[PDB]
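Test case, fold it:
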Amino acid sequence: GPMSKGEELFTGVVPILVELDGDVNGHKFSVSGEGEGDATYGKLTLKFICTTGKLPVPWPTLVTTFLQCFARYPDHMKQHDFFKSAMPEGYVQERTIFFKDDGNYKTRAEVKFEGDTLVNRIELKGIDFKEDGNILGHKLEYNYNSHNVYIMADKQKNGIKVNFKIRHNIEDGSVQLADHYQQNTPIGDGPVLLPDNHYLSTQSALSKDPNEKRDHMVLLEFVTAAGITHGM
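Numbering: from 1, shown residues only. What follows is the structure:
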């Protein structure tokens, strides 16, 4: 049987909405996204448009901010799926992202069902970025590397936490590190699944829509959980 009510909400393809309100170094911007997720296969397909004009930061720097409830949790790990267990009421996802030798993003998001759509609504604030740096200078290549992140329960606050470093390729062959600190809290009061320590493995591909004039990003992702019981 299912390990949570929310688990049952992801057995098929689910429509997704993303809305982001951003302010980086005083530049306000808005992004809207639409797409589909299929947690049976850990897959996400999304398209994002900057509705205020040109995006003042590089698209790759917002990938982690723009849905871990769509991770594929294999059968022997469904008891560790916090993200679906918080649904439908959802969870708050808070981060600070520290860009090495540059500014920081602070983000607060709510991920929940609204009607039949899984919706991620984000407030992002960035400060202390260098005008001529990798971020405001758009020096990041339009690609994305794979990353494995270590999920841990936050027993006292009834949620999960994770730290991880994103490596962004720069146009000169160097890397821009984006150090992520993340805290997830249920929105509702019902029971949730607090996981054993485990990994989420994510692969991401960035592309463009040939028919899209606006500044935009097409994002395809594969996310799967991997346990470390090592029963051998």
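
C-alpha from now on. contacts and neighbour counts both.
OK.

Now do the same contact list for residue 186.
By CA atoms under 8 Å, 6 or more residues apart in numbering, the contact set of residue 186 is 86, 89-92, 158-159, 192.

Sorry, wrong one. I was asking about residue 127.
Neighbour list for residue 127: 24-26, 103-105 [criterion: CA under 8 Å, 6+ apart].

cutoff 7 Å now
24-25, 103-105 (CA atoms under 7 Å, 6 or more residues apart in numbering).

Residue 31 too?
Listed by CA under 7 Å, 6+ apart, the contact partners of residue 31 are 19-21, 48-51.

which one of the residues you listed is nearest residue 221?
residue 48 (13.7 Å; CA to CA).

now that closest one, which residues is it bridged with?
Beta-bridge pairing for residue 48 (DSSP bridges): residue 33, residue 217.

Burial check on it, number of neighbours?
23 (other CA atoms under 10 Å).

Repeat that for residue 213.
Residue 213 has 8 neighbours, counted by other CA under 10 Å.

quick check, it in a helix?
No: counting by DSSP: H, G, I helix; E, B strand; the rest coil, residue 213 is not found in a helix; it is coil.

Dump the contacts of residue 31 into a markdown table; add secondary structure and distance to residue 147 as well.
As requested, these are exported to a markdown table (DSSP: H, G, I helix; E, B strand; the rest coil; distance: CA to CA, whole Å):
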| residue | secondary structure | distance to residue 147 |
| --- | --- | --- |
| 19 | strand | 24 |
| 20 | strand | 23 |
| 21 | strand | 26 |
| 48 | strand | 21 |
| 49 | strand | 25 |
| 50 | strand | 26 |
| 51 | coil | 29 |
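
Tell me the buried residues within those residues.
Listed as buried from those are 19-20, 48-50; burial here means 16 or more other CA atoms under 10 Å.

Those residues into JSON lines, with extra columns for distance to residue 110?
Putting the buried ones among the contacts of residue 31 into JSON lines (distance: CA to CA, whole Å) gives the following:
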{"residue": "19", "distance to residue 110": "10"}
{"residue": "20", "distance to residue 110": "11"}
{"residue": "48", "distance to residue 110": "18"}
{"residue": "49", "distance to residue 110": "20"}
{"residue": "50", "distance to residue 110": "20"}
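
element containing residue 96?
strand 91-99 (DSSP states H and E).

So what are the sheet partners of that strand and their directions?
Here strand 91-99 is paired, per DSSP bridges, with strand 104-114 (antiparallel), strand 175-186 (antiparallel).

Indicate which one of the ones you listed is closest to residue 79.
Among these, if distance is taken as CA to CA, the winner is strand 175-186, at 16.4 Å.

Tell me the helix or strand right after the closest one.
Assigned by DSSP H and E, the successor of strand 175-186 is strand 198-207.

who does that following strand touch, helix- and strand-wise?
strand 147-154, strand 216-227 (3 or more CA pairs under 7 Å, 6 or more residues apart in numbering; DSSP states H and E).

Out of those strands, which one sits most buried?
Here the criterion is mean neighbour count by mean count of other CA atoms under 10 Å, and of the helices and strands packed on strand 198-207 the winner is strand 216-227, at a mean of 20.

which residues are in contact with that strand?
Contacts to strand 216-227, defined as CA under 7 Å, 6+ apart, come from residues 42-50, 59, 71-73, 198-209.

If we use 6 Å, what do you get?
Strand 216-227 has contacts (CA atoms under 6 Å, 6 or more residues apart in numbering) with 42-49, 71-73, 198-208.
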